């Protein structure tokens, strides 16, 4: 059994919290374990909320656990240079929630960490929201080729072993340059993305440097697929863009797409990265519900 946030389709609103554990590690772990029980209680008090949660830990923080770390779990490596850079964030824990209402997300975080506020530093706290008809602020629909129904389970979740039901996670908070992106016309923007803007139909000739051209990778030969839970975020006068987050049964897919996007593989960078920049970056592993409740410090 995976954690409730991973498999279902993303709700209209989402919470993505990155935090660092400074002290009282045992108290913090307990508080994190008690999140599912809190969420269940909220759902019982609030029909239609469909509140979900997934707690994940970084490679560095996993050392504190008695349970052995996932085979592929590593630190998020920095990629690229200058205007095409993928920063690495010092973070121990990811808290991911999504629901049909925004307020319960704030409540879940406030109530959930109330006792461990002084033990924790929240590195980043992003509230995502569905934008129009599932569109990114770039005007293009996001999630068109995102796995659906049954194949979500076999793409996101580890199939076998001790970590079965668990999932590898990546997150990158992107900040958009909307005016620069606005300069390009419809056809040009479609060349950057690789799909049509109004109906998200894949172009007959997908440019290799286009975003889809960068991330549509098959090497098996079978497509490297991930389950994305990303959602637009931010304000007009401040940071705004996309909180990218994805789950996968293997971290290899993340690494391949990122190395392809940031010019490690081909030497060519993603055209989309001309109009957006990653400000955070981290790898995690979200264990099954059982393992999460069985995790203990050493």
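Residue numbers count along the first chain shown, from 1.
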| property | result |
| --- | --- |
| 96-104 set against 67-75, stretch whose average Cα temperature factor tops the other in the entry | 67-75 |
| Per the entry, higher mean C-alpha B factor between 57-65 and 240-248 | 57-65 |
| Maximum C-alpha temperature factor, selected from 149, 169, 113, 227 | 149 |
| Cα B factor band for residue 80 (lowest, middle or highest third within the chain) | highest |
| Where the record places residue 41 (Cα B-factor, split into thirds across the chain) | middle |
| Chain-wide C-alpha B factor ranking for residue 133, given as lowest, middle or highest third | middle |
| Position of residue 286 among the chain's modelled residues by C-alpha B-factor, lowest, middle or highest third | lowest |
| Chain-wide C-alpha B factor ranking for residue 3, given as lowest, middle or highest third | middle |
